[PDB]
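# Examining the three-dimensional arrangement
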Amino acid sequence: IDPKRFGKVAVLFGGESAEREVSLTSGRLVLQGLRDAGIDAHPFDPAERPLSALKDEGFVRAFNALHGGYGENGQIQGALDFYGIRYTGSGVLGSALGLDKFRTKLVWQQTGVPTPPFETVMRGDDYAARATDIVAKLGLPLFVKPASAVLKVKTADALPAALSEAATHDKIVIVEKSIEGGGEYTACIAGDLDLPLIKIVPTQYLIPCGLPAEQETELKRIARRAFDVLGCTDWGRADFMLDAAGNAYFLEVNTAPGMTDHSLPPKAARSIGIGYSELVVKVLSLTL
Amino acid sequence: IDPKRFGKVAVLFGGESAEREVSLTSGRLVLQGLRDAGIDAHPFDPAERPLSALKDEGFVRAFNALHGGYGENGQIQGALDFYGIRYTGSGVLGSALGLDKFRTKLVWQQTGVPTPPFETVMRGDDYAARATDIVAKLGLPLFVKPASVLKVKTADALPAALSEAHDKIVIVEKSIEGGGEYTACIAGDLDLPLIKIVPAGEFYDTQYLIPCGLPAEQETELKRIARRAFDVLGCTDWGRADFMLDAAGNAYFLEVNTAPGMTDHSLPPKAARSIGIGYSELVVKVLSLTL
């Protein structure tokens, strides 16, 4: 509680990625929220300030409010570790593995975390021949996702152009069975806060998620397992589908979620009476 | 080819790990080998120079001759990516996963790369009961190995072996008996031969033998599978994959190394020399993959 325990804090935000503008907003609010708590927090945009200034100006820890690019892929995590600066959320492995959808799914398959069945296609494959085999094996519809803009494919005839197009963006393309007839949900994770699931509606976000309490409790538990087996910690989201029968299938994790005053973790927290400042203090307190 | 194409090159070496002295040796030889090729290469010890100096003094790429610690685990790779400096070997995912035994083996199991069966101990649990059930499930001997090394030959000695420990997660791996231990060095498309690793007590200290002693057809197939074992973890371009054979010649991969030694007694220069590729050529080949 004593804000002095946090010492001098950098709020990392902005950056060089396509999500710079969202990160500017996140970081401004995180900054406000930490200062509201009396914490000695300062803005630090690594696209503008030398990263060596963190150590040189006596910064001891950072709230990472970057999104995309080096803020989320293990790169700035590795650099912060190298410089001795503590930081929020996941470390190098968890950040890098969380962004690799292919290897995230292999680890889930080996650890009992359910995930939709999928095939891979390599750049330079006979995409038409692969498409035929994959429809025979998985059925339709399918999502075609780069391994590290997702396309939904509803007919067999549309699949080869989708593979070819995805292969332009990644040497490896994931072709994943779509889970139909249920719903889409996300579990926000912030320490051991009991944040409610959020249902994602075909763009709109719904709390309560519409599920019975016992099912919600189990799904939050499995979602935390899905996150922790990839080496992620403390802060993020796990996205998943249910089918019509209520079986869960995990899609991906997010290790750098938004902190705009309407992004999902603040919404989930506000719904249980935890305000924005309290949420950011809680997340930062995990670095103590 | 044209040395000017590499621009200004840092050789990262030294560092702060327990293997600093081997890195010092490797880095001194790599530096000389790049210079002998006419490349504009300079020493850069990150334990002594600020990493900001790379970008500030106009370095465009680095040969990573660090071993262990931040040179191998993705930390310095992330920092270099952050600074826009190209570097040899694996990037952040491959480097961090190649040091994580638990997830390395899960990925190998899900992708058909053979690896010894294993159990995890959460410490955590009753080490006495886990030890009993692991011996039942796996057999003996076992290795107790960090998840993120002790060879145990009786069931009695395991609970204590577990007690000692990463921590929270312990790997208990079946030992592969009656064959040999081997390594496959990887350097771009060089067809580097396998090397047999022979413990000092079995050589009538540790000895490295080329040729590895296996028939050509088998060696060809093992080089291919070893490259796949390295590549499925996200590692690229430069490193080793280590494996055992049992008595019948079945292979089991044990681990990868993404920052291998470059002394005159290290494995990649020996594998390369045996196919007529000298040291200077090997370092230029590795660096060329950064173009």
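Residues numbered from 1 in each chain as written, not as in the entry; some residues may be left out. Chains lettered and ligands numbered in written order. Heavy atoms only, no water. Residues with missing side-chain atoms left out of burial classes, pairs and counts.

As summarised from the PDB record, the model derives from X-ray crystallography at a stated resolution of 1.6500 Å.

### So, the overall build of chain A
What counts, and what does not: Helix numbers and strand numbers start at the N terminus; a helix is a DSSP run of H or I with at least 4 residues, a strand a run of E with at least 2. C-alpha atoms define the radius of gyration, and 2.2 Å times the number of residues to the power 0.38 defines the globule rule.
Each helix and strand counted, chain A has 10 helices and 13 strands in total. Compactness check: chain A gives a C-alpha radius of gyration of 20 Å against a globular reference of 19 Å for 288 residues, within 12% of the reference. Principal-axis analysis of the C-alpha atoms gives chain A an extent of 60 × 45 × 30 Å.

### Section: the domain arrangement of chain B
The criterion, for reference: Note that the domain bounds were set by an automatic or database domain assignment.
Parsing chain B into structural domains produces domain 1 (1-88), domain 2 (89-114 + 177-291) and domain 3 (115-176). For domain 1 of chain B and domain 3 of chain B, the distance between their C-alpha centroids amounts to 38 Å.

### As for the interface of chain A and chain B
Condition: The criterion used for residue contact is that any of the two residues' heavy atoms lie within 4.5 Å. When two components associate, each loses some accessible surface as probed by a 1.4 Å sphere; the sum of these losses over both components is called the buried area. As used in this structure description, the phrase polar contact means that two N or O atoms lie within 3.5 Å; if the pair is within protein, one of them must be able to donate a hydrogen and the other to accept it, and residues adjacent in sequence are counted only when both atoms belong to side chains. Note that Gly is not counted as nonpolar here; it falls among the polar residues with everything else outside the nonpolar set of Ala, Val, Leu, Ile, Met, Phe, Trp, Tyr, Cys and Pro and the charged set of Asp, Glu, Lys and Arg.
Taken together, the contact pairs 28 residues of chain A with 27 residues of chain B. Taking both sides of the interface into account, the surface hidden between chain A and chain B amounts to around 2200 Å²; carbon and sulfur atoms contribute 70%. Between chain A and chain B we count eight residue pairs in polar contact in total. Those elements that provide at least two residues to the side of chain A that touches chain B are helix 3 (75-83), helix 4 (92-99) and helix 5 (101-111) of chain A. Taken together, the residues of the side of chain A that touches chain B sort by class into 15 nonpolar, nine polar and four charged.

### Points about the sheet that holds strand 1 (residues 8-12) of chain A
Residues and elements named next belong to chain A. Defined as follows: Two strands pair if DSSP finds at least two bridges between them. Here the axes come from fitting lines to C-alpha atoms, over the contacting stretch only for helices, and the angles between their N-to-C directions go from 0 to 180 degrees.
With parallel pairing, the four strands of this open sheet are ordered in space as 2-1-3-4. Looking at the sheet topology across the chains shown, the edges are occupied by strand 2 (40-44) and strand 4 (86-87). Together, strand 1 and strand 3 (61-64) form the strand contacts of helix 10 (residues 276-285), whose direction differs from that of strand 3 by roughly 130°.

### A few points about the side chain of B:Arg103
This is how it is decided: To sort residues, take the accessible area from a 1.4 Å probe on protein chains only and compare it with the maximum for the residue type: under 20% means buried, over 50% means exposed, and anything in between is partly exposed.
Position of B:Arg103 among the secondary structure elements: in helix 5 (residues 101-111). With relative accessibility at 6%, the residue B:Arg103 sits in the buried group. A polar contact of 2.9 Å, which involves the side chain of B:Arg103, links it to the backbone oxygen of A:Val229. Those residues in contact with B:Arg103 that sit more than four places away from it in its chain are A:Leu93, A:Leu97, A:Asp228, A:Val229, A:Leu230, A:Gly231, B:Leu97 and B:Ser148.

### Examining the environment of A:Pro160
All names here are of chain A. Within the secondary structure layout, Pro 160 lies in helix 7 (residues 159-166). It is 36 Å that separates the C-alpha atoms of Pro 160 and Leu 197, two residues lying 37 residues apart in sequence. If we ignore the near neighbours within four places in the chain, the residues touching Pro 160 are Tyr 127, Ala 128 and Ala 131.

### A few points about the domain arrangement of chain A
A common way to express how large an interface is: the accessible area buried when the components associate. For chain A, the assigned domains are domain 1 (1-88), domain 2 (89-114 + 180-288) and domain 3 (115-179). Each of domain 1 of chain A and domain 3 of chain A has a C-alpha centre, and the two are 37 Å apart.

### Comments concerning unusual backbone geometry
In this structure, A:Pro208 follows A:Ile207 across a cis peptide bond, with omega equal to 0°. Position of A:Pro208 relative to the elements: it lies in the loop between strand 11 (204-206) and helix 8 (213-228). Omega for the bond connecting B:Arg123 with B:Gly124 falls within 30 degrees of zero, at -15°, which places this linkage in the cis form. Within the element layout of this structure, B:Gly124 appears in the loop between strand 5 (118-122) and helix 6 (127-138). Its identity is not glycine, yet B:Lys168 carries a phi of approximately 80°, on the positive side. Looking at the element boundaries, B:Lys168 is found in the loop between helix 7 (158-163) and strand 8 (169-174). Non-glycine residue B:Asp237 carries a positive phi angle of around 80°. Residue B:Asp237 is classed as partly exposed on the basis of its relative accessible area of 25%.

### Points about helix 6 of chain B
The following threshold applies: Working rule for helices: expected span equals 1.5 Å times residues minus one.
With 12 residues, helix 6 of chain B extends 16 Å from end C-alpha to end C-alpha; this agrees with the ideal 16 Å at 1.5 Å per step. Just downstream of helix 6 of chain B lies B:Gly139, where phi reads positive at about 85°.

### Regarding the nonpolar core
For clarity, the threshold we go by: Among the buried residues, those of types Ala, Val, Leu, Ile, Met, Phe, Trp, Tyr and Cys that are joined through side-chain atoms within 4.5 Å form a nonpolar core.
By size, the foremost hydrophobic cluster in this structure holds 65 residues, and its most contacted members are A:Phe250 and B:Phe253. Ignoring anything within four residues of it in the chain, the contact list for A:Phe250 reads A:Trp108, A:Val113, A:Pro114, A:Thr115, A:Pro116, A:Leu219, A:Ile222, A:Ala223, A:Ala226, A:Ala238, A:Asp239 and A:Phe240. Core analysis: the next-biggest nonpolar cluster, separate from the first, contains 34 residues, A:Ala53, A:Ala79, B:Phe82 and B:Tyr87 among them.

### Let's talk about the packing of aromatic side chains
So the rule is basically this: Pairing of aromatic rings covers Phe, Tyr and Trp, the last counted by its six-membered ring, and requires centre-to-centre distances within 6.5 Å; plane angles under 30 degrees mean stacked, over 60 mean edge-to-face, and any other angle means tilted. Cation placement over rings: the criterion is NZ of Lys or CZ of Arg within 6 Å of the ring centroid and within 35° of the ring normal.
Counted according to the given criterion, the structure contains 14 aromatic pairs over all chains. Taking 4.9 Å as the distance between ring centres and 65° as the angle between the ring planes, the aromatic pair formed by A:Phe82 and B:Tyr70 counts as edge-to-face. With A:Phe82 in helix 3 and B:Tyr70 in the loop between strand 3 (61-64) and helix 3 (75-83), this pair bridges two chains. Here A:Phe82 matches B:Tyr70 in class, with each residue buried. Summarising the aromatic geometry, the rings of B:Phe82 and B:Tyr83 are spaced 5.2 Å apart at their centres and angled 80° between planes, so their arrangement reads as edge-to-face. The same class applies to B:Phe82 as to B:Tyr83, namely buried. Joined through ring pairs, the aromatic side chains of A:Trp108, A:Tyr185, A:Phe240 and A:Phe250 make up one cluster. Directly above the aromatic system of A:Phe59 lies the positively charged group of A:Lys8, at a separation of 4.6 Å from the ring centroid.

### Quick notes on the pattern of salt bridges
Oppositely charged side chains may form a pair once their charged atoms are brought near each other. All names here are of chain B. The test is simple: Salt bridges are identified by distance alone: a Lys or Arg side-chain nitrogen within 4 Å of an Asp or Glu carboxyl oxygen.
On inspection of all chains with the given rule, the structure shows 26 salt bridges over all chains. In this structure, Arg 224 engages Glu 221 in a salt bridge whose closest nitrogen and oxygen atoms are separated by 3.0 Å. Pair noted here: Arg 224 and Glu 221 are both in helix 8 (residues 216-231), with a separation of three residues, about one helical turn. Under the relative-accessibility criterion, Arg 224 is labelled partly exposed at 46%.

### Focus on the environment of A:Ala244
If you trace the backbone, A:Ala244 turns up in the loop between strand 12 (235-242) and strand 13 (248-254). Non-local contacts of A:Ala244, meaning those with residues more than four positions away in its chain, are made with A:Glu180, A:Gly181 and A:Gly182.

### Things to note about the state of the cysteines
In protein structure, a disulfide is the covalent linkage between the sulfur atoms of two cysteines. In plain terms, the rule: Any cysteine sulfur atom paired with another within 2.5 Å is treated as part of a disulfide.
Scanning the model with the defined rule gives zero disulfides over all chains in all. Of the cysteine sulfurs around A:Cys188, a residue in no disulfide, the closest is that of A:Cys209, at 12 Å.

### A look at the sheet that holds strand 2 (residues 40-44) of chain B
Residue and element names in this part refer to chain B. Here we have four strands laid out as an open sheet, ordered 2-1-3-4, and parallel in their pairing. In the strand order of this sheet, the two ends are held by strand 2 and strand 4 (86-87), each with one partner. Sheet topology places strand 3 next to strand 4; two bridges connect them, and they run parallel. By the bridge assignment, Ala 62 is partnered in strand 4 with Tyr 87. On the sheet, helix 1 (residues 20-36) packs against strand 1 (8-12), strand 2 and strand 3 and is oriented at approximately 165° with respect to strand 2. Against the sheet, helix 10 (residues 279-288) engages strand 1 and strand 3, with an angle of about 130° to strand 3.

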